[PDB]
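**Student:** Chains as they are written, first to last, in the authors' numbering: chain E, 1 to 201; chain P, 2 to 118; chain K, 1 to 144; chain d, 2 to 65.
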Amino acid sequence: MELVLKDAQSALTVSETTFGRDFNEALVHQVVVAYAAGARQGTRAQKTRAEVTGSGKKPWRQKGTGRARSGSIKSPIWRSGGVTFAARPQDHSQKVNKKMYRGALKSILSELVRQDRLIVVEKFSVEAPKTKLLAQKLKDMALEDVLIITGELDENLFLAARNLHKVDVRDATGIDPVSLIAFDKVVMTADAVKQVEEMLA
Amino acid sequence: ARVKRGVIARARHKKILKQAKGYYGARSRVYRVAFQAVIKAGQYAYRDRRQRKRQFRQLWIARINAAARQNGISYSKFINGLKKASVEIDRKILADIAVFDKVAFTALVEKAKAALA
Amino acid sequence: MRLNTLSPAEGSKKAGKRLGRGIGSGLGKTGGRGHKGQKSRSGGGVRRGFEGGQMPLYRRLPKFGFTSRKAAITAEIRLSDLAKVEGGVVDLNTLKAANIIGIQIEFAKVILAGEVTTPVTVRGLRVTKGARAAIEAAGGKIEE
Amino acid sequence: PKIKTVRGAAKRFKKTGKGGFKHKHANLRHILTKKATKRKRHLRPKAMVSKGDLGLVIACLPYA
RNA sequence: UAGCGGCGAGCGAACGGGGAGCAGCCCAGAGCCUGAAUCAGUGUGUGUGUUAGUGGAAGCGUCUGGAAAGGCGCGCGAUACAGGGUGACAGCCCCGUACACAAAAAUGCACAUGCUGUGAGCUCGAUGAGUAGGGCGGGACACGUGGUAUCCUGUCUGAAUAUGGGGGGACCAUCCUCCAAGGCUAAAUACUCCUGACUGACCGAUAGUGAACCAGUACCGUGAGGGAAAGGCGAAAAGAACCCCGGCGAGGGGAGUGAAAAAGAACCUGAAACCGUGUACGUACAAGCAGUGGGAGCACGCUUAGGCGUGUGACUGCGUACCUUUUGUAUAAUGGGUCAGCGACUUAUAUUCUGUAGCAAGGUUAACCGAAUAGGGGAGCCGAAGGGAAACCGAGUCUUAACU
Ligand SMILES: [Mg+2]
Ligand SMILES: [Mg+2]
Ligand SMILES: [Mg+2]
Ligand SMILES: [Mg+2]
Ligand SMILES: [Mg+2]
Ligand SMILES: [Mg+2]
Ligand SMILES: [Mg+2]
Ligand SMILES: [Mg+2]
Ligand SMILES: [Mg+2]
Ligand SMILES: [Mg+2]
Ligand SMILES: [Mg+2]
Ligand SMILES: [Mg+2]
Ligand SMILES: [Mg+2]
Ligand SMILES: [Mg+2]
Ligand SMILES: [Mg+2]
Ligand SMILES: [Mg+2]
Ligand SMILES: [Mg+2]
Ligand SMILES: [Mg+2]
Ligand SMILES: [Mg+2]
Ligand SMILES: [Mg+2]
Ligand SMILES: [Mg+2]
Ligand SMILES: [Mg+2]
Ligand SMILES: [Mg+2]
Ligand SMILES: [Mg+2]
Ligand SMILES: [Mg+2]
Ligand SMILES: [Mg+2]
Ligand SMILES: [Mg+2]
Ligand SMILES: [Mg+2]
Ligand SMILES: [Mg+2]
Ligand SMILES: [Mg+2]
Ligand SMILES: [Mg+2]
Ligand SMILES: [Mg+2]
Ligand SMILES: [Mg+2]
Ligand SMILES: [Mg+2]
Ligand SMILES: [Mg+2]
Ligand SMILES: [Mg+2]
Ligand SMILES: [Mg+2]
Ligand SMILES: [Mg+2]
Ligand SMILES: [Mg+2]
Ligand SMILES: [Mg+2]
Ligand SMILES: [Mg+2]
Ligand SMILES: [Mg+2]
Ligand SMILES: [Mg+2]
Ligand SMILES: [Mg+2]
Ligand SMILES: [Mg+2]
Numbered sequence: 001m002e003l004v005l006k007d008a009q010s011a012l013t014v015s016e017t018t019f020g021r022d023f024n025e026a027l028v029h030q031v032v033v034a035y036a037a038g039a040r041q042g043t044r045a046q047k048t049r050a051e052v053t054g055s056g057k058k059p060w061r062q063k064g065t066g067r068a069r070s071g072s073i074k075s076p077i078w079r080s081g082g083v084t085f086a087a088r089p090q091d092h093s094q095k096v097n098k099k100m101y102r103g104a105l106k107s108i109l110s111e112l113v114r115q116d117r118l119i120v121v122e123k124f125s126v127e128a129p130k131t132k133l134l135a136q137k138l139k140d141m142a143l144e145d146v147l148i149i150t151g152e153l154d155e156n157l158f159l160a161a162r163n164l165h166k167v168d169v170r171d172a173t174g175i176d177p178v179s180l181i182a183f184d185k186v187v188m189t190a191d192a193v194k195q196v197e198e199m200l201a
Numbered sequence: 002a003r004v005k006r007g008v009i010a011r012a013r014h015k016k017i018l019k020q021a022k023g024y025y026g027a028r029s030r031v032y033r034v035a036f037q038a039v040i041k042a043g044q045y046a047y048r049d050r051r052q053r054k055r056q057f058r059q060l061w062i063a064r065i066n067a068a069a070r071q072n073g074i075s076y077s078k079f080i081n082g083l084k085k086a087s088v089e090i091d092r093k094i095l096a097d098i099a100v101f102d103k104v105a106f107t108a109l110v111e112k113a114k115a116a117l118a
Numbered sequence: 001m002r003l004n005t006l007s008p009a010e011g012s013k014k015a016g017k018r019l020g021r022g023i024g025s026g027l028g029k030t031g032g033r034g035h036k037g038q039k040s041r042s043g044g045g046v047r048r049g050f051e052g053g054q055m056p057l058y059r060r061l062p063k064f065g066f067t068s069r070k071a072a073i074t075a076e077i078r079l080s081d082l083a084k085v086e087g088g089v090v091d092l093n094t095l096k097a098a099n100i101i102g103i104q105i106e107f108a109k110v111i112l113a114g115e116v117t118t119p120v121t122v123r124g125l126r127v128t129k130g131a132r133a134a135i136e137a138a139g140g141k142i143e144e
Numbered sequence: 002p003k004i005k006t007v008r009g010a011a012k013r014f015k016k017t018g019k020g021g022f023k024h025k026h027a028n029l030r031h032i033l034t035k036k037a038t039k040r041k042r043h044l045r046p047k048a049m050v051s052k053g054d055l056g057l058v059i060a061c062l063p064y065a
């Protein structure tokens, strides 16, 4: 599998099972759903009839009066009563198998290649930590909505990309499928390709 | 989430209350009565699509029997004449001719009498 | 390929029953429960093996046997597991290092199941007759 | 939580190779001088659980 | 799971393995060297916080509009496009944010060190008696007295003591291991009255705390105690000068403010039940779930008169509500005065089946680490072999002396 580079106009040999795999949509949808469920915080609760502030005394007697039977003012059919199935703080995280997560990444990186949404350069640096310099460089690259993966830790690049919402900058380890889909273009350092190929076999 | 269902239950009640226009009293004002009256109106409408086809055939037959007895033959003779003369005119058209064109009904009667004789 | 073009596989997601939401849903007023039983009650139902008041099967029938503690520390070994060790020698400590039998195991037999294609010295373990023939045919040396 | 095994059925039934259950016969514990030896001889060996009562056993023995 | 158990309902380990975290010491006593380690307290010094704070970038024109932050142009900042406010939606109006700093004084935490007290180390010893154990009665151990080890003790007793004793699940023997009847000890662990920061596929005023509002209030009760309802004018009060009717009223009509007063304080939007005024049609010889099918007439619109619509509905065929429960209800069996709002098959963990997806005789990790939805981690679990009560045998095995 060969990836031509943008700036120096060279080639780069990669694995076809990694960057030319057929798109398994149901796998990718399963992984993207589990990622968005892992982001889910799940902090809520309501009060049951056990947890409503009140007293456990019958508001009226069982019979003799003309009214309907009632045992508690905390009843979930009363105003300001409990919730019938009041919620608890629950964890919405799903398990994703490791081979299914890597199958999804190899699927969507093959699709970004087939859709020309993947740009490969040797290096992508900004000299001083300025968003004006980064926006100038991305305008010269004709890029607006982009993910920038770098096989190193560039602090000036992190600072120059922190204020731009169209732009996100990741390490090659910290890549995720929903970002790789949510961004229009993805720029990879050739080192980041080598690291992604090592992680993804 | 707490889905608040006021909009849906309002439009669902107004769909029934619009169908219940013209009804007397709470049948046009009250959802519990109107919905109970719309279902019965659909039952009657399903029934009376069948009863329309009965009642018009009965009306047509009574008009043919009258015009045939004006020309001096009964209905059952006249239909047996038109069967033996093979005349396949349905009795909507026979009632229409029996009203507007009594001459053509007389010619049909004479064909039926000649088919019986 | 965007987030509004993904879709799951066919038959993967099924909707799920919602009891007590109208005639047309099928699961109407009763919700699959019938009328006026114990089963229709909230929390209702009988426990396992309850046959009415009839004497259940697990008490009509007698107890039998006992439990051998030595069977929990015995194990059986395929011939296909003999290649997964290193050194070409097979002991208990080698199989436990290969995570085959487990730590608390003190006895093991080798059984004719699978097949081996390499000479393996077996030491301190019982061997069946067919595994003895297959090991000795592949070049093995069963000893103690 | 885990399901708890009905320990009497675990002392009364054993799962076989294809998933069936073996069990001991009844009527062979006392009152044995009036029973024919043919009957006892056909009661010593273990029998399989029938198709009708195999559901209550599986409900009692969830962990095989 | 092993077991316990009217062997019922149910209760339910341990050994061992993977991890977080790790820390050891002293008196039952004399000497020898004497203040030597460590700890406590109290000072001092430095650093780091906390308790007030400071600076903090960069926009104009035009159109609509009551009002520009909106639209259309043209620029600029960004380690600051977190957030909020400003007359509609503001990176560049304001407060802030990123970042950079700041404490007279009090105080926390680290070190360092001063002082007080504390003893350090070596040698030789000593080695926790009404105790262990036992009998009786109870209790705890997963173990309900059972064949029941072990632990506790109310009662009665009662050892040996390093050549000795305890345990190894009745018990004895051998062997292994440990040394009771004196104590101390950080971390990993549990929780949140309270404080600060931030977050939410949490609520949005019958919800969410009982309480968005002077709510544990009003009110009730002798009392303990119970326990509500009730949010929104407008951008800004500019909250209606003045005139008129009226009781020096209430209330209203003008005028005025305002973008708007059918935003006027009983104030955003203002649905329904319910109650009215007006118009059209029908109705005082006509019997019943009140409709439906047909259908005259009248009124009103459109229109090339073409005739369609709309409203009403004389007369006429048929037609005894809904729900529930029932063999079966117009039933004179239940329930509902009506409207609006709320109101009932959920959640967690195990297990099985189906579907679907991944790998495939293999599949998969949990804890945890990790800045971290990755990767590591294969403790383990399920499966690829079963039979037998079991030892055991093994594609066979059990039964039996042996199986046609
Ligand atoms: Mg009481
Ligand atoms: Mg509530
Ligand atoms: Mg309340
Ligand atoms: Mg993981
Ligand atoms: Mg809600
Ligand atoms: Mg009305
Ligand atoms: Mg019922
Ligand atoms: Mg019944
Ligand atoms: Mg039933
Ligand atoms: Mg219940
Ligand atoms: Mg009985
Ligand atoms: Mg016996
Ligand atoms: Mg300031
Ligand atoms: Mg500023
Ligand atoms: Mg506005
Ligand atoms: Mg001692
Ligand atoms: Mg004792
Ligand atoms: Mg004893
Ligand atoms: Mg005792
Ligand atoms: Mg004693
Ligand atoms: Mg003892
Ligand atoms: Mg023993
Ligand atoms: Mg001690
Ligand atoms: Mg409201
Ligand atoms: Mg409230
Ligand atoms: Mg006034
Ligand atoms: Mg009002
Ligand atoms: Mg407003
Ligand atoms: Mg209003
Ligand atoms: Mg109204
Ligand atoms: Mg009249
Ligand atoms: Mg009249
Ligand atoms: Mg009912
Ligand atoms: Mg009855
Ligand atoms: Mg029935
Ligand atoms: Mg009856
Ligand atoms: Mg009837
Ligand atoms: Mg009546
Ligand atoms: Mg009734
Ligand atoms: Mg009754
Ligand atoms: Mg009633
Ligand atoms: Mg309602
Ligand atoms: Mg399930
Ligand atoms: Mg599946
Ligand atoms: Mg056989």
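By construction, the Cβ of each residue, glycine as well, lies at the ideal position given by its N, Cα and C atoms.
So what does DSSP say about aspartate 145(E), is it helix, strand or coil?
**Tutor:** Three-state DSSP puts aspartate 145(E) in coil, outside helix and strand.
**Student:** So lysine 25(d) contacts chain K; which residues on that side make the cut at Cβ distance below 7 Å?
**Tutor:** Within 7 Å Cβ-Cβ: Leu61, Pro62, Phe64.
**Student:** Along the region 22-52 of chain E, what residues have a CB closer than 7 Å to any CB found in chain K?
**Tutor:** Listed by position, the residues of the region 22-52 of chain E near chain K (Cβ gap below 7 Å) are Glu25, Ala26, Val28, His29, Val32.
**Student:** Give, in chain order, every residue of the region 108-122 of chain E whose Cβ lies closer than 7 Å to some Cβ of chain K.
**Tutor:** Cβ contacts with chain K come from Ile108, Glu111, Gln115.
**Student:** State the beta-bridge partners of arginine 126(K) as determined by DSSP.
**Tutor:** According to DSSP, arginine 126(K) bridges with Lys109(K).
**Student:** Rounding to the nearest angstrom, what Cα-Cα distance links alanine 138(K) and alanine 83(K) in this structure?
**Tutor:** Cα-Cα distance, rounded: 12 Å.
**Student:** Under the rule that 16 or more other beta-carbon atoms within 10 Å means buried, what is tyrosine 64(d), buried or exposed?
**Tutor:** That one is exposed.
**Student:** Does the beta carbon of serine 179(E) fall short of 6 Å from some heavy atom of ligand 2?
**Tutor:** Checking every heavy atom of ligand 2 against the Cβ of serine 179(E), none is found closer than 6 Å.
**Student:** Between the region 2-25 of chain d and chain K, which residues of the former have a C-beta closer than 7 Å to a C-beta of the latter?
**Tutor:** Hits within the stretch, in order: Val7, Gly9, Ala10, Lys12, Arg13, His24, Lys25.
**Student:** Counting only Cβ-Cβ distances shorter than 8 Å, please list the residues of the region 35-62 of chain K near chain d, keeping chain order.
**Tutor:** Listed by position, the residues of the region 35-62 of chain K near chain d (Cβ gap below 8 Å) are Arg48, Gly49, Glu51, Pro56, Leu57, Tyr58, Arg59, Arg60, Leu61, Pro62.
**Student:** Does the contact criterion of 3 or more C-beta pairs under 8 Å hold for the region 70-89 of chain K versus the region 42-51 of chain K?
**Tutor:** The region 70-89 of chain K, when compared against the region 42-51 of chain K, does not touch it at the 8 Å Cβ threshold.
**Student:** Report the residues of the region 162-182 of chain E with a CB closer than 8 Å to any CB of chain K, ordered along the chain.
**Tutor:** Those residues of the region 162-182 of chain E that come within reach of chain K (Cβ to Cβ, closer than 8 Å) are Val178, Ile181, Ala182.
**Student:** Assuming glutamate 197(E) and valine 14(E) are in contact, meaning their beta carbons sit under 8 Å apart, how far apart are those beta carbons, in whole angstroms?
**Tutor:** The pair is a contact, with the Cβ atoms about 6 Å apart (cut-off 8 Å).
**Student:** I'd like to confirm the pairing. Which residues does DSSP put opposite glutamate 51(K) in its beta bridges?
**Tutor:** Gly53(K), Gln54(K).
**Student:** Who are the neighbours of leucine 57(d) on chain K, taking C-beta pairs under 9 Å?
**Tutor:** By Cβ distance, chain K contributes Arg48, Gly49, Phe50, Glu51, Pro56, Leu57, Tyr58.
**Student:** Using C-beta distances below 8 Å, list every residue in its chain close to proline 89(E), excluding the 5 sequence neighbours before and after it, in chain order.
**Tutor:** Answer for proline 89(E): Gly42, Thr43, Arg44, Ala45, listed in chain order.
**Student:** When you compare the CB positions of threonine 84(E) and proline 76(E), do they come within less than 7 Å of one another, or not?
**Tutor:** In contact: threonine 84(E) and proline 76(E) (Cβ atoms closer than 7 Å).
**Student:** I need the straight-line Cα distance from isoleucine 100(K) to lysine 99(E), nearest angstrom please.
**Tutor:** C-alpha separation (whole angstroms): 24 Å.
**Student:** So the candidates are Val167(E), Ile73(E), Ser93(E), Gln195(E); which of them puts its Cα closest to the Cα of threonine 131(E)?
**Tutor:** The residue with the shortest Cα to Cα distance from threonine 131(E) is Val167(E).
**Student:** For the region 5-16 of chain K, list every residue whose C-beta sits within 8 Å of some C-beta in chain E, in sequence order.
**Tutor:** So the list reads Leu6, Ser7, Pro8, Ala9, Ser12, given in the order they occur along the chain.
**Student:** Using the beta-carbon count (16 or more within 10 Å), is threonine 150(E) buried or exposed?
**Tutor:** With 16 or more other Cβ atoms within 10 Å, it is buried.
**Student:** Short of 7 Å in beta carbon distance, which residues of its chain neighbour residue 215(E), apart from the five on each side in sequence? Order them along the chain.
**Tutor:** Look at the range of chain E in this structure, 1 to 201, and you will see that residue 215(E) is not part of it.
**Student:** By the criterion of Cβ-Cβ separation under 7 Å, what are the contact partners of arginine 2(K) in chain E?
**Tutor:** Under the 7 Å cutoff, chain E gives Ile181.
**Student:** Please confirm if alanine 37(d) has its CB atom under 7 Å from at least one CB of chain K.
**Tutor:** Answer no: the Cβ-Cβ gap between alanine 37(d) and chain K never drops below 7 Å.
**Student:** Does the Cβ of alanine 71(K) have 16 or more other Cβ atoms within 10 Å, making it buried, or fewer, making it exposed?
**Tutor:** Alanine 71(K) comes out exposed.
**Student:** Got a sec? Which residues, its chain only, sit under 6 Å from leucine 147(E) by beta carbon, not counting five neighbours each side?
**Tutor:** Excluding residues within five positions, the ones whose Cβ falls inside 6 Å are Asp168, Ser179, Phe183, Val186.
**Student:** Ordered along the chain, which non-local residues of its own chain (more than five positions away) have a Cβ less than 8 Å from that of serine 25(K)?
**Tutor:** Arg18.
**Student:** Give me the Cα-Cα distance between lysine 109(K) and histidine 24(d), rounded to the nearest whole angstrom.
**Tutor:** For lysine 109(K) and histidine 24(d), the distance between alpha carbons rounds to 28 Å.
**Student:** Around the C-beta of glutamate 10(K), are 16 or more other C-beta atoms found within 10 angstroms, so that it is buried, or is it exposed?
**Tutor:** Exposed.
**Student:** How would you write the range of the beta strand (DSSP E) that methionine 188(E) sits in, first residue to last?
**Tutor:** Counting along the chain, the beta strand (DSSP E) containing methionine 188(E) begins and ends at 185-189.
**Student:** When you compare the CB positions of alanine 21(P) and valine 8(P), do they come within less than 7 Å of one another, or not?
**Tutor:** In this structure, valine 8(P) does not lie closer than 7 Å to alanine 21(P) by Cβ.
**Student:** With three or more beta-carbon pairs closer than 8 Å as the criterion, would you say the region 100-118 of chain E touches the region 54-74 of chain E?
**Tutor:** No, they do not touch.
**Student:** According to DSSP, is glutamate 111(E) helix, strand or coil?
**Tutor:** Of the three classes helix, strand and coil, the one that applies to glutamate 111(E) here is helix, per DSSP.
**Student:** Near ligand 9, which residues have their beta-carbon closer than 6 Å to a heavy atom?
**Tutor:** Listed along the chain, these residues meet the criterion: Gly34(K), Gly37(K), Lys39(K), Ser40(K).
**Student:** On the DSSP letters alone, give me the boundaries of the alpha helix (DSSP H) that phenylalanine 14(d) sits inside.
**Tutor:** Taken as a continuous stretch (DSSP letters only), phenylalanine 14(d) belongs to no alpha helix (DSSP H), being part of the beta strand (DSSP E) at 14-16.
**Student:** Would you please verify whether the beta carbon of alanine 60(d) is less than 7 Å from any beta carbon of chain K?
**Tutor:** Judged by the 7 Å Cβ criterion, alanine 60(d) is in contact with chain K.
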